[PDB]
>>> print(open('structure.pdb').read())   # PDB, C-alpha atoms and all ligand atoms
ATOM      1  CA  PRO T   1     -24.140  47.525  -2.987  1.00  0.00           C
ATOM      2  CA  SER T   2     -21.648  46.353  -5.619  1.00  0.00           C
ATOM      3  CA  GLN T   3     -21.283  49.129  -8.225  1.00  0.00           C
ATOM      4  CA  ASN T   4     -19.895  48.628 -11.753  1.00  0.00           C
ATOM      5  CA  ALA T   5     -19.193  44.914 -11.351  1.00  0.00           C
ATOM      6  CA  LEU T   6     -18.958  44.301 -15.099  1.00  0.00           C
ATOM      7  CA  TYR T   7     -16.285  46.966 -15.429  1.00  0.00           C
ATOM      8  CA  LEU T   8     -14.043  45.477 -12.759  1.00  0.00           C
ATOM      9  CA  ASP T   9     -14.588  41.936 -14.049  1.00  0.00           C
ATOM     10  CA  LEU T  10     -13.474  43.007 -17.526  1.00  0.00           C
ATOM     11  CA  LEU T  11     -10.566  45.024 -16.130  1.00  0.00           C
ATOM     12  CA  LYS T  12      -9.265  41.961 -14.261  1.00  0.00           C
ATOM     13  CA  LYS T  13      -9.388  40.046 -17.540  1.00  0.00           C
ATOM     14  CA  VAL T  14      -7.472  42.844 -19.286  1.00  0.00           C
ATOM     15  CA  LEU T  15      -4.823  43.418 -16.591  1.00  0.00           C
ATOM     16  CA  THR T  16      -3.921  39.724 -16.779  1.00  0.00           C
ATOM     17  CA  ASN T  17      -3.762  39.879 -20.596  1.00  0.00           C
ATOM     18  CA  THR T  18      -6.359  37.105 -20.971  1.00  0.00           C
ATOM     19  CA  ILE T  19      -8.169  38.880 -23.827  1.00  0.00           C
ATOM     20  CA  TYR T  20      -5.247  39.514 -26.208  1.00  0.00           C
ATOM     21  CA  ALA T  21       0.877  42.014 -19.222  1.00  0.00           C
ATOM     22  CA  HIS T  22       0.279  44.725 -16.623  1.00  0.00           C
ATOM     23  CA  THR T  23       0.103  42.435 -13.583  1.00  0.00           C
ATOM     24  CA  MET T  24       1.299  38.883 -12.953  1.00  0.00           C
ATOM     25  CA  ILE T  25      -0.627  38.306  -9.718  1.00  0.00           C
ATOM     26  CA  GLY T  26      -3.442  36.376 -11.416  1.00  0.00           C
ATOM     27  CA  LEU T  27      -7.218  36.523 -11.020  1.00  0.00           C
ATOM     28  CA  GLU T  28      -7.576  35.070  -7.507  1.00  0.00           C
ATOM     29  CA  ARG T  29      -5.266  37.732  -6.079  1.00  0.00           C
ATOM     30  CA  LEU T  30      -7.047  40.501  -7.999  1.00  0.00           C
ATOM     31  CA  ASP T  31     -10.308  39.117  -6.604  1.00  0.00           C
ATOM     32  CA  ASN T  32      -8.835  39.303  -3.102  1.00  0.00           C
ATOM     33  CA  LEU T  33      -7.710  42.880  -3.667  1.00  0.00           C
ATOM     34  CA  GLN T  34     -11.146  43.852  -4.967  1.00  0.00           C
ATOM     35  CA  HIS T  35     -12.894  42.446  -1.915  1.00  0.00           C
ATOM     36  CA  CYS T  36     -10.466  44.173   0.451  1.00  0.00           C
ATOM     37  CA  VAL T  37     -10.918  47.539  -1.233  1.00  0.00           C
ATOM     38  CA  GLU T  38     -14.703  47.196  -1.500  1.00  0.00           C
ATOM     39  CA  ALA T  39     -14.695  46.360   2.207  1.00  0.00           C
ATOM     40  CA  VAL T  40     -12.887  49.502   3.419  1.00  0.00           C
ATOM     41  CA  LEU T  41     -15.202  51.588   1.233  1.00  0.00           C
ATOM     42  CA  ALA T  42     -18.338  49.824   2.449  1.00  0.00           C
ATOM     43  CA  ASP T  43     -17.194  49.828   6.089  1.00  0.00           C
ATOM     44  CA  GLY T  44     -15.808  53.364   5.980  1.00  0.00           C
ATOM     45  CA  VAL T  45     -12.234  52.594   7.023  1.00  0.00           C
ATOM     46  CA  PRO T  46     -10.368  55.833   6.241  1.00  0.00           C
ATOM     47  CA  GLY T  47      -7.009  56.120   4.486  1.00  0.00           C
ATOM     48  CA  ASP T  48      -5.193  55.853   1.183  1.00  0.00           C
ATOM     49  CA  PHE T  49      -4.001  52.728  -0.636  1.00  0.00           C
ATOM     50  CA  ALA T  50      -0.324  51.879  -1.074  1.00  0.00           C
ATOM     51  CA  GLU T  51       1.680  49.234  -2.902  1.00  0.00           C
ATOM     52  CA  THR T  52       5.407  48.642  -2.481  1.00  0.00           C
ATOM     53  CA  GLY T  53       6.842  46.610  -5.361  1.00  0.00           C
ATOM     54  CA  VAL T  54       4.487  47.316  -8.243  1.00  0.00           C
ATOM     55  CA  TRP T  55       6.001  45.753 -11.385  1.00  0.00           C
ATOM     56  CA  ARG T  56       4.061  47.263 -14.337  1.00  0.00           C
ATOM     57  CA  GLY T  57       1.554  48.912 -12.003  1.00  0.00           C
ATOM     58  CA  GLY T  58      -1.426  46.646 -12.618  1.00  0.00           C
ATOM     59  CA  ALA T  59      -2.498  46.053  -9.017  1.00  0.00           C
ATOM     60  CA  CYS T  60      -2.321  49.809  -8.398  1.00  0.00           C
ATOM     61  CA  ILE T  61      -4.222  50.466 -11.606  1.00  0.00           C
ATOM     62  CA  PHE T  62      -6.924  48.076 -10.408  1.00  0.00           C
ATOM     63  CA  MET T  63      -7.045  49.781  -6.996  1.00  0.00           C
ATOM     64  CA  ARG T  64      -7.520  53.128  -8.720  1.00  0.00           C
ATOM     65  CA  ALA T  65     -10.224  51.501 -10.843  1.00  0.00           C
ATOM     66  CA  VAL T  66     -12.227  50.247  -7.869  1.00  0.00           C
ATOM     67  CA  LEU T  67     -12.235  53.846  -6.604  1.00  0.00           C
ATOM     68  CA  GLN T  68     -13.529  54.832 -10.043  1.00  0.00           C
ATOM     69  CA  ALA T  69     -16.248  52.173  -9.971  1.00  0.00           C
ATOM     70  CA  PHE T  70     -17.527  53.355  -6.575  1.00  0.00           C
ATOM     71  CA  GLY T  71     -17.238  57.099  -7.160  1.00  0.00           C
ATOM     72  CA  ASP T  72     -14.666  57.736  -4.439  1.00  0.00           C
ATOM     73  CA  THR T  73     -12.713  60.853  -5.420  1.00  0.00           C
ATOM     74  CA  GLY T  74     -10.904  61.445  -2.134  1.00  0.00           C
ATOM     75  CA  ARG T  75      -8.609  58.477  -1.633  1.00  0.00           C
ATOM     76  CA  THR T  76      -5.160  58.257  -3.202  1.00  0.00           C
ATOM     77  CA  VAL T  77      -3.298  55.259  -4.603  1.00  0.00           C
ATOM     78  CA  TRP T  78       0.430  55.349  -3.769  1.00  0.00           C
ATOM     79  CA  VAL T  79       2.644  53.511  -6.257  1.00  0.00           C
ATOM     80  CA  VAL T  80       5.913  52.837  -4.407  1.00  0.00           C
ATOM     81  CA  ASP T  81       9.015  51.359  -6.009  1.00  0.00           C
ATOM     82  CA  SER T  82      12.402  51.733  -7.599  1.00  0.00           C
ATOM     83  CA  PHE T  83      11.795  51.704 -11.349  1.00  0.00           C
ATOM     84  CA  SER T  84      10.400  52.307 -16.174  1.00  0.00           C
ATOM     85  CA  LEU T  85       8.504  54.897 -14.153  1.00  0.00           C
ATOM     86  CA  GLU T  86       7.185  56.565 -17.305  1.00  0.00           C
ATOM     87  CA  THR T  87       6.127  53.162 -18.634  1.00  0.00           C
ATOM     88  CA  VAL T  88       4.035  52.578 -15.496  1.00  0.00           C
ATOM     89  CA  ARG T  89       2.551  56.066 -15.720  1.00  0.00           C
ATOM     90  CA  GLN T  90       1.521  55.312 -19.284  1.00  0.00           C
ATOM     91  CA  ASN T  91      -0.091  52.048 -18.308  1.00  0.00           C
ATOM     92  CA  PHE T  92      -2.373  54.108 -16.046  1.00  0.00           C
ATOM     93  CA  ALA T  93      -3.004  56.527 -18.926  1.00  0.00           C
ATOM     94  CA  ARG T  94      -4.119  53.639 -21.163  1.00  0.00           C
ATOM     95  CA  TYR T  95      -7.110  52.878 -18.935  1.00  0.00           C
ATOM     96  CA  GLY T  96      -7.678  56.592 -18.457  1.00  0.00           C
ATOM     97  CA  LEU T  97      -6.725  56.600 -14.780  1.00  0.00           C
ATOM     98  CA  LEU T  98      -3.546  58.708 -14.690  1.00  0.00           C
ATOM     99  CA  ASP T  99      -4.901  61.575 -12.606  1.00  0.00           C
ATOM    100  CA  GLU T 100      -4.825  63.339  -9.214  1.00  0.00           C
ATOM    101  CA  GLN T 101      -5.851  60.221  -7.244  1.00  0.00           C
ATOM    102  CA  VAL T 102      -2.587  58.502  -8.230  1.00  0.00           C
ATOM    103  CA  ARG T 103       0.771  59.430  -6.668  1.00  0.00           C
ATOM    104  CA  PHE T 104       4.225  57.996  -7.400  1.00  0.00           C
ATOM    105  CA  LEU T 105       7.089  57.576  -4.901  1.00  0.00           C
ATOM    106  CA  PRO T 106      10.226  56.619  -6.836  1.00  0.00           C
ATOM    107  CA  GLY T 107      13.443  55.674  -5.023  1.00  0.00           C
ATOM    108  CA  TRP T 108      15.115  53.045  -2.874  1.00  0.00           C
ATOM    109  CA  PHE T 109      12.771  51.941  -0.099  1.00  0.00           C
ATOM    110  CA  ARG T 110      15.740  52.733   2.162  1.00  0.00           C
ATOM    111  CA  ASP T 111      15.349  56.477   1.499  1.00  0.00           C
ATOM    112  CA  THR T 112      11.698  57.090   0.565  1.00  0.00           C
ATOM    113  CA  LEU T 113       9.616  55.051   3.007  1.00  0.00           C
ATOM    114  CA  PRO T 114      11.064  56.546   6.242  1.00  0.00           C
ATOM    115  CA  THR T 115       9.681  59.974   5.324  1.00  0.00           C
ATOM    116  CA  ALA T 116       6.797  59.041   3.002  1.00  0.00           C
ATOM    117  CA  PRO T 117       4.113  61.771   2.578  1.00  0.00           C
ATOM    118  CA  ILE T 118       1.426  59.245   3.597  1.00  0.00           C
ATOM    119  CA  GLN T 119      -0.754  60.001   6.634  1.00  0.00           C
ATOM    120  CA  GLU T 120      -3.059  56.984   6.789  1.00  0.00           C
ATOM    121  CA  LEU T 121      -3.794  53.800   4.869  1.00  0.00           C
ATOM    122  CA  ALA T 122      -6.867  51.626   4.461  1.00  0.00           C
ATOM    123  CA  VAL T 123      -4.940  49.122   2.326  1.00  0.00           C
ATOM    124  CA  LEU T 124      -1.255  48.218   2.315  1.00  0.00           C
ATOM    125  CA  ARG T 125      -0.036  45.790  -0.319  1.00  0.00           C
ATOM    126  CA  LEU T 126       3.465  44.266  -0.597  1.00  0.00           C
ATOM    127  CA  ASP T 127       5.144  42.041  -3.167  1.00  0.00           C
ATOM    128  CA  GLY T 128       7.394  40.553  -0.526  1.00  0.00           C
ATOM    129  CA  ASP T 129      10.191  38.667  -2.249  1.00  0.00           C
ATOM    130  CA  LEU T 130      12.890  40.204  -0.048  1.00  0.00           C
ATOM    131  CA  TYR T 131      13.410  40.517   3.698  1.00  0.00           C
ATOM    132  CA  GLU T 132      14.600  44.122   3.786  1.00  0.00           C
ATOM    133  CA  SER T 133      11.953  45.476   1.373  1.00  0.00           C
ATOM    134  CA  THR T 134       9.248  43.731   3.395  1.00  0.00           C
ATOM    135  CA  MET T 135      10.548  45.060   6.731  1.00  0.00           C
ATOM    136  CA  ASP T 136      11.066  48.593   5.366  1.00  0.00           C
ATOM    137  CA  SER T 137       7.505  48.584   4.048  1.00  0.00           C
ATOM    138  CA  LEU T 138       5.808  47.078   7.098  1.00  0.00           C
ATOM    139  CA  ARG T 139       7.785  49.014   9.721  1.00  0.00           C
ATOM    140  CA  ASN T 140       7.175  52.373   8.062  1.00  0.00           C
ATOM    141  CA  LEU T 141       3.634  51.966   6.666  1.00  0.00           C
ATOM    142  CA  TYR T 142       1.790  49.478   8.945  1.00  0.00           C
ATOM    143  CA  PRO T 143       1.544  52.102  11.711  1.00  0.00           C
ATOM    144  CA  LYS T 144      -0.285  54.294   9.179  1.00  0.00           C
ATOM    145  CA  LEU T 145      -2.848  51.549   8.621  1.00  0.00           C
ATOM    146  CA  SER T 146      -6.274  52.422  10.004  1.00  0.00           C
ATOM    147  CA  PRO T 147      -8.266  50.095  12.260  1.00  0.00           C
ATOM    148  CA  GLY T 148     -10.066  47.712   9.898  1.00  0.00           C
ATOM    149  CA  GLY T 149      -7.484  48.319   7.179  1.00  0.00           C
ATOM    150  CA  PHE T 150      -5.994  45.417   5.222  1.00  0.00           C
ATOM    151  CA  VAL T 151      -2.414  44.284   4.788  1.00  0.00           C
ATOM    152  CA  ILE T 152      -1.841  42.040   1.781  1.00  0.00           C
ATOM    153  CA  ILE T 153       1.418  40.160   1.202  1.00  0.00           C
ATOM    154  CA  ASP T 154       1.645  38.725  -2.309  1.00  0.00           C
ATOM    155  CA  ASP T 155       4.459  36.221  -1.700  1.00  0.00           C
ATOM    156  CA  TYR T 156       3.596  35.317   1.903  1.00  0.00           C
ATOM    157  CA  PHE T 157       3.838  31.545   1.637  1.00  0.00           C
ATOM    158  CA  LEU T 158       7.388  31.728   0.370  1.00  0.00           C
ATOM    159  CA  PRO T 159       9.079  30.370   3.534  1.00  0.00           C
ATOM    160  CA  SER T 160      11.556  33.264   3.750  1.00  0.00           C
ATOM    161  CA  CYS T 161       8.750  35.812   3.275  1.00  0.00           C
ATOM    162  CA  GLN T 162       6.691  34.002   5.874  1.00  0.00           C
ATOM    163  CA  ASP T 163       9.576  34.086   8.377  1.00  0.00           C
ATOM    164  CA  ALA T 164      10.051  37.827   7.824  1.00  0.00           C
ATOM    165  CA  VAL T 165       6.351  38.647   8.198  1.00  0.00           C
ATOM    166  CA  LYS T 166       6.126  36.509  11.332  1.00  0.00           C
ATOM    167  CA  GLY T 167       9.135  38.260  12.837  1.00  0.00           C
ATOM    168  CA  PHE T 168       7.530  41.629  12.159  1.00  0.00           C
ATOM    169  CA  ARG T 169       4.251  40.586  13.765  1.00  0.00           C
ATOM    170  CA  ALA T 170       6.082  39.311  16.852  1.00  0.00           C
ATOM    171  CA  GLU T 171       7.930  42.628  17.223  1.00  0.00           C
ATOM    172  CA  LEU T 172       4.702  44.650  17.360  1.00  0.00           C
ATOM    173  CA  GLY T 173       2.533  42.050  19.081  1.00  0.00           C
ATOM    174  CA  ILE T 174       0.246  41.635  16.068  1.00  0.00           C
ATOM    175  CA  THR T 175      -2.035  38.596  16.404  1.00  0.00           C
ATOM    176  CA  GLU T 176      -4.812  39.284  13.865  1.00  0.00           C
ATOM    177  CA  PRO T 177      -5.175  35.925  12.118  1.00  0.00           C
ATOM    178  CA  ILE T 178      -3.582  35.532   8.700  1.00  0.00           C
ATOM    179  CA  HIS T 179      -5.827  34.362   5.873  1.00  0.00           C
ATOM    180  CA  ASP T 180      -4.774  32.372   2.844  1.00  0.00           C
ATOM    181  CA  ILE T 181      -5.781  33.577  -0.606  1.00  0.00           C
ATOM    182  CA  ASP T 182      -4.517  31.008  -3.096  1.00  0.00           C
ATOM    183  CA  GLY T 183      -1.657  29.140  -1.436  1.00  0.00           C
ATOM    184  CA  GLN T 184       0.719  31.920  -2.488  1.00  0.00           C
ATOM    185  CA  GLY T 185      -0.487  35.250  -1.093  1.00  0.00           C
ATOM    186  CA  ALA T 186      -2.027  36.065   2.275  1.00  0.00           C
ATOM    187  CA  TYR T 187      -3.586  38.967   4.135  1.00  0.00           C
ATOM    188  CA  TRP T 188      -4.987  40.079   7.456  1.00  0.00           C
ATOM    189  CA  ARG T 189      -7.295  42.822   8.642  1.00  0.00           C
ATOM    190  CA  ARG T 190      -6.188  45.134  11.438  1.00  0.00           C
ATOM    191  CA  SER T 191      -8.625  44.749  14.328  1.00  0.00           C
ATOM    192  CA  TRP T 192     -11.100  47.524  15.114  1.00  0.00           C
TER     193      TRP T 192
HETATM  194 MG    MG W   1       4.659  39.257  -5.824  1.00  0.00          MG
END
>>> encode(input="structure.pdb", output="structure tokens", more="lines below")
Ligand SMILES: [Mg+2]
Amino acid sequence: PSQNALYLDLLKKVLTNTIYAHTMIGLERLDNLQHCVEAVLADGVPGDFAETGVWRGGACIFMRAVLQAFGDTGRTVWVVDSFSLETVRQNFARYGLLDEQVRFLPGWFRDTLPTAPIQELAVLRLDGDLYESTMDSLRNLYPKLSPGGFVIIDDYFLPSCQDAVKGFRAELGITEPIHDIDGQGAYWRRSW
């Protein structure tokens, strides 16, 4: 049961500034994110959503929007970065989604992630340009990812991102198969 499809379709057009830019991830990667979120809602995987490396906040805005479209009032979207914080907050306000289901964690990943007030995740999304940001994010938040939760890495097929993600998976003995999105990003679903 796919609620408010027209709304999310239009929002993806708007976030990518194709109407006449709040995200640069493009439509295919927004599509991916939509399917992943609609899956954890439909399948009842518990947990919040979190993005580390958020740019103008678009992907997090969209995640909040899918919660809106499906009438889920319980889950939180965690917007995690070093920031322009007020600018991001105002981007949420523009779509009318700056509310209690959106939480901000500003700071160096070094300091914030270790102690993050997050208990469990259904979705974990990373814009993994850099080794240390990627490792800080995965090491601290993957353990919070519920069974059936998704991990999405936006820059996966960058060789250096790929090496870092592979190293992390080896460390923890993660073998859930990786899936390509668009030749740039990738994701996998934590086994049940
Ligand atoms: Mg990226």
>>> residues_near_ligand(input="structure.pdb", ligand="ligand MG 1 (chain W)", cutoff="7 Å", atoms="all atoms listed in the file", output="number ranges by chain")
T: 25, 127-129, 154-155
>>> closest_residue(input="structure.pdb", among="T:79, T:37, T:126, T:158", to="residue 57 of chain T", atoms="all atoms listed in the file")
T:79
>>> closest_residue(input="structure.pdb", among="T:77, T:42, T:59, T:97", to="residue 26 of chain T", atoms="all atoms listed in the file")
T:59
>>> resolve_selection(input="structure.pdb", expression="the PyMOL selection byres (((chain T and resi 188) around 7) and not hetatm)", output="PyMOL selection string")
chain T and resi 150-152+176-179+187+189-190
>>> residues_around(input="structure.pdb", residues="segment 62-65 of chain T", least_positions_apart="2", cutoff="8 Å", atoms="only C-alpha atoms", output="list in words")
residues 8, 11, 12, 30, 33, 34, 37, 49, 58, 59, 60, 67, 68, 69, 76, 77, 97, 101 and 102 of chain T
>>> closest_residue(input="structure.pdb", among="T:186, T:10, T:50, T:19", to="residue 138 of chain T", atoms="only C-alpha atoms")
T:50
>>> axis_aligned_box(input="structure.pdb", around="segment 124-141 of chain T", padding_each_side="6 Å", output="JSON")
{"center_x": 6.7, "center_y": 45.5, "center_z": 3.3, "size_x": 27.9, "size_y": 25.7, "size_z": 24.9}
